[PDB]
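Participant: One file: my_file.cif (mmCIF, C-alpha atoms and all ligand atoms).
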data_run
#
loop_
_atom_site.label_atom_id
_atom_site.label_comp_id
_atom_site.auth_asym_id
_atom_site.auth_seq_id
_atom_site.Cartn_x
_atom_site.Cartn_y
_atom_site.Cartn_z
CA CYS A 1043 -47.03 22.94 64.80
CA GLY A 1044 -50.65 21.92 64.27
CA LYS A 1045 -52.26 19.05 62.41
CA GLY A 1046 -51.58 18.94 58.69
CA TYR A 1047 -49.00 20.63 56.51
CA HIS A 1048 -47.78 23.71 58.37
CA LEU A 1049 -48.06 27.12 56.70
CA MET A 1050 -47.67 29.89 59.32
CA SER A 1051 -47.75 30.56 63.04
CA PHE A 1052 -48.57 33.61 65.16
CA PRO A 1053 -47.59 34.35 68.78
CA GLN A 1054 -49.79 35.89 71.47
CA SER A 1055 -48.95 36.66 75.08
CA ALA A 1056 -50.74 35.03 78.02
CA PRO A 1057 -50.58 35.24 81.84
CA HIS A 1058 -47.46 33.17 82.62
CA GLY A 1059 -47.28 31.83 79.08
CA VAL A 1060 -47.48 32.10 75.32
CA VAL A 1061 -50.25 31.06 72.91
CA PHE A 1062 -49.59 29.97 69.33
CA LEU A 1063 -51.99 30.14 66.38
CA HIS A 1064 -50.92 27.54 63.81
CA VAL A 1065 -52.22 28.09 60.28
CA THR A 1066 -52.04 24.71 58.53
CA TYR A 1067 -53.18 23.00 55.33
CA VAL A 1068 -55.66 20.10 55.37
CA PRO A 1069 -56.94 18.33 52.22
CA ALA A 1070 -60.72 18.12 52.09
CA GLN A 1071 -62.44 16.27 49.22
CA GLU A 1072 -61.06 13.06 47.73
CA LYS A 1073 -61.64 10.99 44.59
CA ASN A 1074 -60.59 7.48 43.57
CA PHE A 1075 -58.27 6.98 40.59
CA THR A 1076 -56.38 4.20 38.83
CA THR A 1077 -52.60 4.57 38.91
CA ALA A 1078 -49.54 3.00 37.30
CA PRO A 1079 -45.86 3.32 38.28
CA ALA A 1080 -44.46 3.81 34.76
CA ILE A 1081 -45.49 3.91 31.10
CA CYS A 1082 -44.02 1.67 28.40
CA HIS A 1083 -43.82 3.73 25.19
CA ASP A 1084 -41.66 2.81 22.16
CA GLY A 1085 -39.90 0.17 24.25
CA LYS A 1086 -38.91 2.77 26.86
CA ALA A 1087 -40.02 3.21 30.47
CA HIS A 1088 -41.24 6.74 31.24
CA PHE A 1089 -41.31 7.75 34.93
CA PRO A 1090 -42.84 11.00 36.23
CA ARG A 1091 -40.48 13.82 37.17
CA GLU A 1092 -42.80 15.15 39.87
CA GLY A 1093 -46.34 13.95 40.55
CA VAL A 1094 -48.05 10.67 39.72
CA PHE A 1095 -49.78 8.97 36.79
CA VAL A 1096 -53.56 8.65 37.15
CA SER A 1097 -56.43 7.77 34.84
CA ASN A 1098 -60.13 8.62 34.65
CA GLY A 1099 -61.01 5.22 33.18
CA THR A 1100 -60.12 5.99 29.55
CA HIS A 1101 -57.22 8.44 29.25
CA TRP A 1102 -54.02 8.70 31.30
CA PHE A 1103 -52.79 11.92 32.92
CA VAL A 1104 -50.04 13.06 35.28
CA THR A 1105 -50.80 15.28 38.27
CA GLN A 1106 -49.31 16.67 41.45
CA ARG A 1107 -49.56 14.58 44.60
CA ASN A 1108 -51.57 16.89 46.88
CA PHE A 1109 -53.97 18.39 44.32
CA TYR A 1110 -55.93 17.16 41.31
CA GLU A 1111 -54.39 19.08 38.41
CA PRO A 1112 -54.36 16.63 35.48
CA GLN A 1113 -51.89 17.33 32.68
CA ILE A 1114 -51.19 15.60 29.39
CA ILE A 1115 -48.24 13.20 29.38
CA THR A 1116 -45.24 14.85 27.74
CA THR A 1117 -41.49 14.24 27.46
CA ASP A 1118 -40.99 17.45 29.49
CA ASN A 1119 -42.41 16.08 32.76
CA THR A 1120 -41.37 12.43 32.25
CA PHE A 1121 -37.91 10.88 32.09
CA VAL A 1122 -36.61 7.65 30.55
CA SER A 1123 -34.85 4.89 32.49
CA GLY A 1124 -34.40 1.48 30.87
CA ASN A 1125 -36.71 -0.89 29.04
CA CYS A 1126 -40.33 -1.68 29.94
CA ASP A 1127 -39.85 -5.40 30.70
CA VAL A 1128 -38.66 -5.00 34.31
CA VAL A 1129 -41.20 -2.72 36.06
CA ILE A 1130 -44.09 -4.61 37.66
CA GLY A 1131 -47.44 -3.08 36.76
CA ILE A 1132 -46.34 -0.96 33.80
CA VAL A 1133 -49.09 0.01 31.35
CA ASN A 1134 -49.11 0.99 27.66
CA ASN A 1135 -49.73 4.59 26.57
CA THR A 1136 -48.35 7.22 24.22
CA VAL A 1137 -46.19 10.19 25.24
CA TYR A 1138 -46.46 13.55 23.47
CA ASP A 1139 -43.33 15.37 22.28
CA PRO A 1140 -43.63 19.12 21.52
CA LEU A 1141 -40.43 19.25 19.43
CA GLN A 1142 -41.71 17.05 16.56
CA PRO A 1143 -44.71 19.18 15.33
CA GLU A 1144 -42.59 22.34 15.24
CA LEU A 1145 -39.78 20.45 13.49
CA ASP A 1146 -42.26 19.14 10.91
CA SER A 1147 -43.82 22.58 10.46
CA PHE A 1148 -40.39 24.11 9.81
CA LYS A 1149 -40.01 21.59 6.97
CA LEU B 1141 -31.30 19.45 18.52
CA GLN B 1142 -28.41 19.11 16.01
CA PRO B 1143 -29.04 15.40 15.25
CA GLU B 1144 -32.59 16.56 14.49
CA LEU B 1145 -31.02 19.11 12.14
CA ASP B 1146 -28.91 16.33 10.58
CA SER B 1147 -32.05 14.27 10.01
CA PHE B 1148 -33.63 17.48 8.70
CA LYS B 1149 -30.83 17.92 6.15
CA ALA C 845 -45.38 -21.40 103.12
CA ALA C 846 -43.18 -19.25 100.82
CA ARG C 847 -44.48 -15.75 101.53
CA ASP C 848 -43.75 -13.14 98.86
CA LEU C 849 -43.12 -9.42 99.26
CA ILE C 850 -46.40 -8.47 97.54
CA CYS C 851 -48.57 -9.43 100.52
CA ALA C 852 -46.20 -7.58 102.88
CA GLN C 853 -46.42 -4.47 100.68
CA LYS C 854 -50.21 -4.86 100.63
CA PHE C 855 -50.53 -5.27 104.40
CA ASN C 856 -48.65 -2.03 105.15
CA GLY C 857 -50.85 0.30 103.10
CA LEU C 858 -48.73 0.42 99.92
CA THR C 859 -51.05 -0.29 96.99
CA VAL C 860 -50.52 -0.35 93.22
CA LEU C 861 -53.25 1.02 90.96
CA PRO C 862 -53.97 -0.49 87.52
CA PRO C 863 -53.44 1.63 84.40
CA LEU C 864 -56.38 3.13 82.56
CA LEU C 865 -55.41 1.73 79.14
CA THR C 866 -55.15 -2.05 79.16
CA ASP C 867 -52.65 -3.81 76.90
CA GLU C 868 -55.43 -4.93 74.54
CA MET C 869 -56.19 -1.27 73.77
CA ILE C 870 -52.47 -0.49 73.39
CA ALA C 871 -52.23 -3.36 70.88
CA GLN C 872 -55.32 -2.00 69.10
CA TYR C 873 -53.72 1.46 68.86
CA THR C 874 -50.50 -0.08 67.53
CA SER C 875 -52.44 -2.13 64.97
CA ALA C 876 -54.32 1.01 63.88
CA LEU C 877 -51.03 2.87 63.42
CA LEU C 878 -49.51 0.00 61.41
CA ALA C 879 -52.58 -0.35 59.18
CA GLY C 880 -52.53 3.41 58.64
CA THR C 881 -48.84 3.59 57.75
CA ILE C 882 -48.88 0.55 55.44
CA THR C 883 -51.83 1.36 53.17
CA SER C 884 -51.63 5.16 53.22
CA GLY C 885 -48.21 6.44 54.33
CA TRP C 886 -47.89 9.90 55.84
CA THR C 887 -51.33 11.01 54.63
CA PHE C 888 -53.24 9.57 57.60
CA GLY C 889 -51.47 11.97 59.98
CA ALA C 890 -52.52 15.15 58.15
CA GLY C 891 -56.15 14.54 57.18
CA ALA C 892 -58.07 11.42 56.21
CA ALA C 893 -56.51 8.21 54.91
CA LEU C 894 -55.37 8.33 51.27
CA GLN C 895 -54.93 4.88 49.73
CA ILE C 896 -51.81 4.20 47.65
CA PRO C 897 -50.02 0.99 46.55
CA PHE C 898 -47.06 0.05 48.71
CA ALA C 899 -44.44 -0.10 45.94
CA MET C 900 -45.43 3.46 44.96
CA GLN C 901 -45.22 5.05 48.40
CA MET C 902 -41.86 3.31 48.81
CA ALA C 903 -40.80 5.09 45.61
CA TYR C 904 -42.12 8.29 47.17
CA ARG C 905 -39.94 7.57 50.22
CA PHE C 906 -36.80 7.05 48.10
CA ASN C 907 -37.35 10.53 46.66
CA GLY C 908 -36.93 12.02 50.14
CA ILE C 909 -33.32 10.81 50.46
CA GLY C 910 -32.04 11.97 47.07
CA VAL C 911 -32.46 8.71 45.11
CA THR C 912 -34.55 8.65 41.94
CA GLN C 913 -37.52 6.30 41.84
CA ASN C 914 -36.28 4.02 39.05
CA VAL C 915 -33.97 2.41 41.63
CA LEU C 916 -36.98 0.82 43.34
CA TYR C 917 -38.80 -0.17 40.16
CA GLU C 918 -35.72 -1.91 38.74
CA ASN C 919 -34.75 -3.52 42.10
CA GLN C 920 -38.06 -4.27 43.82
CA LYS C 921 -37.43 -7.97 44.49
CA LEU C 922 -33.96 -7.45 45.98
CA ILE C 923 -35.21 -4.71 48.33
CA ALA C 924 -38.17 -6.89 49.38
CA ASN C 925 -35.81 -9.82 50.08
CA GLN C 926 -33.50 -7.55 52.10
CA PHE C 927 -36.44 -6.24 54.16
CA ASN C 928 -37.68 -9.78 54.85
CA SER C 929 -34.17 -10.90 55.86
CA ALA C 930 -33.80 -7.88 58.18
CA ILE C 931 -37.19 -8.64 59.78
CA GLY C 932 -36.14 -12.26 60.33
CA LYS C 933 -32.82 -11.16 61.83
CA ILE C 934 -34.70 -8.82 64.21
CA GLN C 935 -36.89 -11.79 65.20
CA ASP C 936 -33.84 -14.00 65.83
CA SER C 937 -32.07 -11.25 67.81
CA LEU C 938 -35.14 -10.80 70.01
CA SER C 939 -35.47 -14.58 70.45
CA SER C 940 -31.82 -15.19 71.41
CA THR C 941 -30.70 -12.26 73.58
CA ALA C 942 -32.86 -11.40 76.60
CA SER C 943 -30.73 -8.40 77.69
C1 LIG A 1201 -61.50 11.31 30.80
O1 LIG A 1201 -60.94 12.60 30.55
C2 LIG A 1201 -60.85 12.95 29.16
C3 LIG A 1201 -60.17 14.30 29.10
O2 LIG A 1201 -60.28 15.00 30.33
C4 LIG A 1201 -62.24 12.95 28.52
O3 LIG A 1201 -62.12 13.16 27.12
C5 LIG A 1201 -62.93 14.27 26.68
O4 LIG A 1201 -64.32 14.13 27.04
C6 LIG A 1201 -65.15 15.24 26.63
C7 LIG A 1201 -66.54 14.96 27.16
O5 LIG A 1201 -67.36 16.12 27.08
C8 LIG A 1201 -65.11 15.39 25.11
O6 LIG A 1201 -65.87 16.53 24.74
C9 LIG A 1201 -63.67 15.54 24.64
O7 LIG A 1201 -63.64 15.56 23.21
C10 LIG A 1201 -62.80 14.39 25.15
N1 LIG A 1201 -61.42 14.58 24.76
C11 LIG A 1201 -60.90 14.04 23.65
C12 LIG A 1201 -59.45 14.34 23.39
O8 LIG A 1201 -61.56 13.35 22.88
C13 LIG A 1201 -62.94 11.61 28.77
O9 LIG A 1201 -64.28 11.67 28.31
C14 LIG A 1201 -62.92 11.25 30.25
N2 LIG A 1201 -63.52 9.94 30.47
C15 LIG A 1201 -64.33 9.67 31.50
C16 LIG A 1201 -64.85 8.27 31.57
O10 LIG A 1201 -64.62 10.51 32.34
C1 LIG A 1202 -63.19 4.54 46.61
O1 LIG A 1202 -63.48 3.12 46.53
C2 LIG A 1202 -63.89 2.52 47.77
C3 LIG A 1202 -64.06 1.04 47.50
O2 LIG A 1202 -64.69 0.38 48.59
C4 LIG A 1202 -65.17 3.18 48.27
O3 LIG A 1202 -65.54 2.61 49.52
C5 LIG A 1202 -64.96 4.68 48.42
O4 LIG A 1202 -66.18 5.31 48.78
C6 LIG A 1202 -64.44 5.29 47.12
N1 LIG A 1202 -64.22 6.73 47.25
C7 LIG A 1202 -63.34 7.35 48.06
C8 LIG A 1202 -63.35 8.85 47.98
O5 LIG A 1202 -62.58 6.75 48.82
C1 LIG A 1203 -47.84 -3.37 25.72
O1 LIG A 1203 -47.34 -3.62 24.38
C2 LIG A 1203 -46.45 -4.74 24.28
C3 LIG A 1203 -45.98 -4.79 22.84
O2 LIG A 1203 -46.78 -3.97 22.01
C4 LIG A 1203 -47.17 -6.02 24.72
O3 LIG A 1203 -46.26 -7.11 24.69
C5 LIG A 1203 -47.73 -5.85 26.12
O4 LIG A 1203 -48.49 -6.99 26.48
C6 LIG A 1203 -48.61 -4.60 26.21
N1 LIG A 1203 -49.09 -4.40 27.57
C7 LIG A 1203 -50.27 -4.85 28.00
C8 LIG A 1203 -50.60 -4.56 29.44
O5 LIG A 1203 -51.04 -5.46 27.27
#
Give the structure from this file in structure tokens form.
Facilitator:
Amino acid sequence: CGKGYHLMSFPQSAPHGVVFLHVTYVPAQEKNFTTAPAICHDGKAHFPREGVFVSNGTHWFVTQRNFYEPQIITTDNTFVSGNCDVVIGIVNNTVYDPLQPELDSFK
Amino acid sequence: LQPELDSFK
Amino acid sequence: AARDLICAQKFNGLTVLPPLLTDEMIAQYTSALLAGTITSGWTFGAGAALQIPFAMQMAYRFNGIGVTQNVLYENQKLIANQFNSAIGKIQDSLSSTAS
């Protein structure tokens, strides 16, 4: 139903037929980025839950696949699976944890 | 969270 | 001296027209589709081509069947070897059997 990701459709009558109006979703403006499959932090491999790791040259972010919404890398949207000596192309970066500052502030 | 409490104590 | 049926079909008014798209253009369309689906994935069918590494869109394609993407990144070489062996077996099956 149309070109692109389908959103809605509307029917109309026609002489000996039907006519569909397909409302779709087409991405428009693109931008190059540098990506990595996983992040080696503290000897652990962090993989994104949903989205993809990108970088703007200096800092690393994680974003959704079909839109540029960069977020800081956190243990909430990444998960751990094994050591970082088996993934080809893994880079080095830190991963924020929101539990630790609140736990230190309660002390 | 309770091992973090054990390390807290 | 060995007359074929093609001249007899020709001499009775039964002609065969050539197709509009020659096989060179069909091969060009097939090569365009392969080069689109290798370097971009499903993105070249919606809008423009969106470049992505192959081992990352393969991990995207494991997420569509209910398998997490660490399975690829810890077993990339074995899956590549299995794909190459399957391609070679397809080649041998097409070379041997003509039916
Ligand atoms: C990559 O993105 C990061 C964050 O989006 C940029 O870091 C910030 O840059 C602005 C520039 O006006 C500074 O005011 C901020 O202080 C920076 N953040 C931090 C935490 O220091 C970074 O500059 C970007 N790099 C490139 C090359 O675009
Ligand atoms: C990305 O990099 C390529 C490298 O040749 C360049 O041609 C292209 O204009 C860049 N930008 C986009 C949006 O593809
Ligand atoms: C990441 O850090 C480890 C140990 O600190 C090091 O062996 C490895 O080379 C680093 N990665 C890169 C790409 O330099």
Participant: If the limit is 12 Å from any atom of ligand LIG 1202 (chain A), counting only C-alpha atoms and all ligand atoms, which residues qualify? Return them as a ChimeraX atom specification.
Facilitator: /A:1070-1076 /C:884,892-896
Participant: 10 Å from ligand LIG 1203 (chain A) is the threshold here; counting only C-alpha atoms and all ligand atoms, which polymer residues fall inside it? Answer as a ChimeraX atom specification.
Facilitator: /A:1081-1085,1126-1127,1131-1135
Participant: Edge lengths and centre in Å to one decimal, as JSON, of the axis-aligned box that encloses all listed atoms of stretch 1125-1137 of chain A with 4 Å added on every side?
Facilitator:
{"center_x": -43.2, "center_y": 2.4, "center_z": 30.9, "size_x": 21.0, "size_y": 23.6, "size_z": 21.4}
Participant: Can you pull out every residue within 10 Å of residue A:1108, counting only C-alpha atoms, but drop anything in the same chain fewer than 6 positions away, and send it as a PyMOL selection string?
Facilitator: (chain A and resi 1068-1069+1093) or (chain C and resi 887)
Participant: Quick one: contact table of chain B to chain A, 10 Å max, nearest atom pair and distance in Å to one decimal per residue, counting all atoms listed in the file, chain and number order, as a Markdown table?
Facilitator:
| residue | atom | partner | partner_atom | distance |
| --- | --- | --- | --- | --- |
| B:1141 | CA | A:1141 | CA | 9.2 |
| B:1144 | CA | A:1145 | CA | 8.2 |
| B:1145 | CA | A:1145 | CA | 9.0 |
| B:1148 | CA | A:1149 | CA | 7.8 |
| B:1149 | CA | A:1149 | CA | 9.9 |
Participant: So what do you get for atom CA of residue C:922 versus atom CA of residue A:1117, distance-wise?
Facilitator: 29.5 Å
Participant: Pick the closest to ligand LIG 1201 (chain A) from A:1119, A:1124, A:1143, A:1099: which is it, counting all atoms listed in the file?
Facilitator: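 Ranking A:1119, A:1124, A:1143, A:1099 by distance to ligand LIG 1201 (chain A), first place goes to A:1099.
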Participant: Check every protein, DNA and RNA residue against ligand LIG 1201 (chain A), keep those with an atom at most 10 Å away (counting all atoms listed in the file), and present them as a ChimeraX atom specification.
Facilitator: /A:1097-1103,1112-1114
Participant: As a list in words, please: the residues near residue C:879 (cut-off 12 Å, all atoms listed in the file, same-chain neighbours under 6 positions excluded).
Facilitator: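 My list of contacting residues is residues 872, 873, 885, 886, 888, 893, 895 and 898 of chain C.
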Participant: Let me see the file: selected residues, C-alpha atoms, as a PDB file, in the coordinates of the input.
Facilitator:
ATOM      1  CA  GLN C 872     -55.320  -2.000  69.100  1.00  0.00           C
ATOM      2  CA  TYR C 873     -53.720   1.460  68.860  1.00  0.00           C
ATOM      3  CA  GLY C 885     -48.210   6.440  54.330  1.00  0.00           C
ATOM      4  CA  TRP C 886     -47.890   9.900  55.840  1.00  0.00           C
ATOM      5  CA  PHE C 888     -53.240   9.570  57.600  1.00  0.00           C
ATOM      6  CA  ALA C 893     -56.510   8.210  54.910  1.00  0.00           C
ATOM      7  CA  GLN C 895     -54.930   4.880  49.730  1.00  0.00           C
ATOM      8  CA  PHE C 898     -47.060   0.050  48.710  1.00  0.00           C
TER       9      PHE C 898
END
Participant: What is the distance between atom CA of residue A:1047 and atom CA of residue A:1063, in Å to one decimal?
Facilitator: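 According to the coordinates, atom CA of residue A:1047 and atom CA of residue A:1063 are separated by 14.0 Å.
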Participant: For a test of reading the model, state the distance in Å between atom CA of residue C:911 and atom CA of residue A:1123, rounded to one decimal.
Facilitator: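 These two atoms are separated by 13.4 Å.
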Participant: Write out, as a tab-separated table, each residue of chain A that has an atom at most 6 Å from chain C, together with the closest pair of atoms and their distance in Å to one decimal, counting only C-alpha atoms, rows going by chain and rising number.
Facilitator:
residue	atom	partner	partner_atom	distance
A:1045	CA	C:890	CA	5.8
A:1046	CA	C:890	CA	3.9
A:1068	CA	C:891	CA	5.9
A:1129	CA	C:917	CA	5.4
Participant: Compile the contact shell of residue A:1089 as a VMD selection string: residues with an atom at most 7 Å away, counting only C-alpha atoms, same-chain residues fewer than 3 positions apart removed.
Facilitator: chain A and resid 1080 to 1081 1120 to 1122
Participant: A:1051, A:1095, A:1138, A:1078: which is nearest residue A:1111, counting all atoms listed in the file?
Facilitator: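 Of A:1051, A:1095, A:1138, A:1078, the one nearest residue A:1111, counting all atoms listed in the file, is A:1095.
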Participant: Using all atoms listed in the file, find the one residue out of C:928, C:867, C:939, C:901 that sits nearest to residue A:1094.
Facilitator: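 Using all atoms listed in the file, the shortest distance to residue A:1094 belongs to C:901.
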